[PDB]
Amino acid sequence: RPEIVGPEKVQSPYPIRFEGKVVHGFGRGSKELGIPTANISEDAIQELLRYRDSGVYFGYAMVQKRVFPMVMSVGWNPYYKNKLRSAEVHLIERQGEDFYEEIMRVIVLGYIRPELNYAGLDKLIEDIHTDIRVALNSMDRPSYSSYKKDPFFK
């Protein structure tokens, strides 16, 4: 896997800006895996991501008045046969308490990869760590890092 992805400069459809309240997930908490993920209110992403590819994206997100680089998994609610979009965000290198019910503002800047066939916990953790490394490397480029101060995070 490459250690950096996407064009040198942010390109359409990015940036994708949206906000939603953080809600509880579907059970199996990533907290135990050392990589907590914030589930975004379903009503904030159904149409917005309906035609976006499933997989891992990267960008910046703000919650509790703090901005962080992030990775986000876009998939489907595992409890319904009818396609219902789901989006879970991991705020990179964040330290703090939980933030359920808080509004999270998200700015997606690029795509990392599609869903990978589950190959075990070890492999999953490795893939997530790589996703994080890739996100940070990709956002170290000026066109991307400038979004950490986007007006949307005012």
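So that there is no doubt, residue numbering starts at 1 and follows the sequence shown.
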{"query": "Test item: residue 85 lacks coordinates in at least a third of other entries", "finding": "yes"}
{"query": "Higher-B stretch (mean Cα B-factor, as the entry records it), 118 to 126 or 56 to 64", "finding": "118 to 126"}
{"query": "Of 39 to 47 and 100 to 108, the stretch whose C-alpha atoms average the higher B-factor in the entry", "finding": "39 to 47"}
{"query": "Chain-wide C-alpha B factor ranking for residue 74, given as lowest, middle or highest third", "finding": "middle"}
{"query": "Residue 25 - which third its CA temperature factor falls in, relative to the rest of the chain", "finding": "highest"}
{"query": "Chain third (lowest, middle, highest) by recorded CA B-factor, residue given as residue 90", "finding": "lowest"}
